[PDB]
Structures are given as structure tokens and as C-alpha cells.
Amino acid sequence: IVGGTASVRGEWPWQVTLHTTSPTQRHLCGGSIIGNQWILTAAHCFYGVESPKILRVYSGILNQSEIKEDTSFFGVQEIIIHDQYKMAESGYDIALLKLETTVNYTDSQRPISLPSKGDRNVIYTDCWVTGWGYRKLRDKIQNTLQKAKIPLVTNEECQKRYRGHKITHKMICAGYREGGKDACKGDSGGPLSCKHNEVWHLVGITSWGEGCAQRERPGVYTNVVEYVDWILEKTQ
């Protein structure tokens, strides 16, 4: 996350770090706990992943440096990628991980709610992007979970800035007109969480952007409310 600020333990308890272990262990992507056995994340996270065997999901993590070889994790039983996914920029950048076991929820691992039935027309004014990605275009995975508050831009404005892509109703955009704060490399799959009536909703999934925190170039996210039927279909 560019222009962001460090988080404290317990603060984003739905944020997971998804690790690949092939050929060596490293943070691959972020993700959100949406069910006891279910993580929501981005499809482009699995571009080089041979199978779920190599994946570890860590929850309750503030610092990447807490992950030692005795640190508990959740195996991934399944990666359900949307059948229409091809590449991030062309939408459908959504994926569920079915964990091998049920997360017992604690102070440090909690579910984030999906956007709610009847809230299609809520205007979300308190939205945050979280993750351990870069702080600039050429940087490194950060040790401490970063956070930045970012305003939603309308899909009409978002199309004016990305006239070489098709920005659809199944995408949601978020960024400052003068840049400065945004997601970046390694933040993919993570949440754009928004609080409405003091409840947090999983509004977005970090997908793609032209550079990081560039002015007039907003972050583009998978619009989760448009995939709720898909999510339920697949999680039932």
C-alpha cells in the first residue's frame, strides 16, 4: 500500500496473507475471511500456482516476520476461479479458497460481511484498502500490514481515466484525483473494506491499476456485490 500507515494487531481481523511455497515460501496475495471455511481473493493470484497443495493461508498476522516454521496455517482444499476469468484488467478477478478446515473465529480472525441484500444503492464513504504490498512501484513486500483510506470514484469517472479498458458495473474504482494513496504490488486479493452503520462490508477486491498511486489513475477493484449470487452458489 502506497501512502498508507501501519496497522496494529487485531485491527483488520478478516485480512489474511496467502503464501505460496513454490519454489520457496513468500507472500503471494492478500485475502478476506468471508466464512468459517472460505476466503475471498483475486483470480490473478493463481497465475503461476500449479495446485492448492503449495498454498498456505495465514490468519491473525500483523507482521510477516511472525511467520516461523511452527506458525499454524490453513491448508487450501480448493481454488474456485470464476469460469470467465482470463486476466485482471478484463474483469472476473475473483476467487474463493475452500480451506481444509474451519477457522474458529477469535479476536484475531473474524469474518467480513458481504455487501448486504438491500444496500445496492448505499454510498460508501468510509472505505479502506489493506495489505502488505509495495509502498512504491519498485519496492519490497512490507513487514507490517498497511492501511489507507481511499474514496470511491464513480464508474463514469473511472472510464474517463482508463479509456483503453472496458470498466464495467462488475468493477468498482477508488483513488484520489491527485494520487498519493493506492494499492500496489502484493496487495492483490486483499479487501477494499467499507463501514456502513458501523458494520464492515467487503465492497472490493484489489485487482489492477496503471502504476501505483498515480494521479487521475484510480485503483480498480472487483465489485463484490455483483458476485454475491456467485459467492453463495459456490459456498452453499
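When you see a residue number, it is the position in the sequence shown, counting from 1.
Engineer: For the stretches 35-43 and 178-186, which has the higher mean C-alpha B-factor as given in the deposited record?
Structural biologist: It is 178-186.
Engineer: Higher mean Cα B-factor in the deposited model: 51-59 or 64-72?
Structural biologist: For C-alpha atoms only, the mean B-factor is higher in 64-72.
Engineer: Choose from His82, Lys98, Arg138, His165 the residue with the greatest Cα B-factor as stated in the PDB record.
Structural biologist: By C-alpha B-factor in the record, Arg138 ranks first.
Engineer: Name the one of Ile123, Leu114, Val129, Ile94 with the greatest CA B-factor according to the PDB entry.
Structural biologist: Among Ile123, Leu114, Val129, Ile94, the PDB entry lists the largest C-alpha B-factor for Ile123.
Engineer: Name the third of the chain's ranked CA B-factors that contains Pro191, choosing lowest, middle or highest.
Structural biologist: It belongs to the lowest third of the chain when residues are ordered by C-alpha B-factor.
Engineer: Rank-wise, by C-alpha B-factor, drop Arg26 into the lowest, middle or highest third of its chain.
Structural biologist: Answer is highest: the recorded C-alpha B-factor places it there.
Engineer: Name the third of the chain's ranked CA B-factors that contains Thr17, choosing lowest, middle or highest.
Structural biologist: Within its chain, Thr17 is a lowest-third residue by C-alpha B-factor, going by the deposited values.
Engineer: Lowest, middle or highest third of the chain for the C-alpha temperature factor of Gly211?
Structural biologist: Within its chain, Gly211 is a highest-third residue by C-alpha B-factor, going by the deposited values.
Engineer: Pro218: which third of its chain by C-alpha temperature factor?
Structural biologist: It falls in the middle third of the chain.
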